[PDB]
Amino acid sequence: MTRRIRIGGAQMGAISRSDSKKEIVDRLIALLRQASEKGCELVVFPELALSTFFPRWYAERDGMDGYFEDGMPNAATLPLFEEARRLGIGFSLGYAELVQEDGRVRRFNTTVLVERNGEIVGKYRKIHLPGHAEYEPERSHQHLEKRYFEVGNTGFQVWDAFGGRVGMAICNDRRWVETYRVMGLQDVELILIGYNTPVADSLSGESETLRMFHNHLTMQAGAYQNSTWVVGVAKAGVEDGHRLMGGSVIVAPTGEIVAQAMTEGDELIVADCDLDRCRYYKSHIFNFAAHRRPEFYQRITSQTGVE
């Protein structure tokens, strides 16, 4: 009613190894233009939206830079930035970052937040790297994220953007309660999360709704228990025989699902999100300064395992 922001969830379909980068960016622009027609001011793109989920393939730690981005933006992604700035829409884009810092070449799983005027707001780099680093034949599919990426060095940052507080997370960050709480302690009002969740081939029946239950459970709870909007945008479909989980959702500060995807391809979900709905819980039920006792939370920052 008051501080309303119309957010579009630009869920992506399966990206194959045979798909060129221009075909990928054009699919991003097509979802951006639909959000502009429906009056969206911010569309959220999935994790690694500029290439297929290459951590499923095995190669040398340097021989996967073809899927990385030379710059942000570069020659291939500039048409997307020009369309967003021209239509007056900001966006969060997930991609594999290739940067030159301290002489050496570094690689991160990165999402960038762009404002409606085309100016880059912030940049979050993935913290929780899932999977493994070496080849493991014991799995039906590989997940070599720890081999192709480094641990991010940005932290869970929260910026002043889109008339409020906007934070970003990447994929399996949404399963850890520390992801929401760290940004929740920065008075966050909108958490943008793109994810690529692998899923078994013949997953169906009760086991399918269980992983979708766990997918929404972590985001609905992270939204309510921190009184913030959560937007989870997926890249779904079957990528070269590997199925990716869909179910893109926009979650309210009450943990309620206000918009959910119905397909596993290129789909755009959109909901009118009132940022002022975050304030009620922050002043009563979840008043951090009045209820939290950090002297009993020391295990969360001291140890890594259980002991």
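All residue numbers refer to positions in the sequence shown, first residue = 1.
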Averaging only over Cα atoms, indicate whether 53 to 61 or 34 to 42 has the higher B-factor in the PDB entry.
53 to 61
Higher mean Cα B-factor in the deposited model: 161 to 169 or 88 to 96?
88 to 96
In terms of CA temperature factor as recorded, identify the highest of 189, 102, 115, 145.
102
Based on the PDB entry, the highest CA temperature factor among the options 26, 239, 70, 266 is that of 70
Ordered by C-alpha B-factor within the chain, which third holds residue 220? Give me lowest, middle or highest, please.
lowest
Among modelled residues of the same chain, the CA temperature factor third for residue 227:
middle
Within-chain third of residue 110 by Cα B-factor, per the entry
lowest
Please say which third, lowest, middle or highest, residue 198 falls into when its CA temperature factor is compared across its chain.
middle
Could you tell me which third, lowest, middle or highest, the C-alpha B-factor of residue 234 occupies within its chain?
lowest
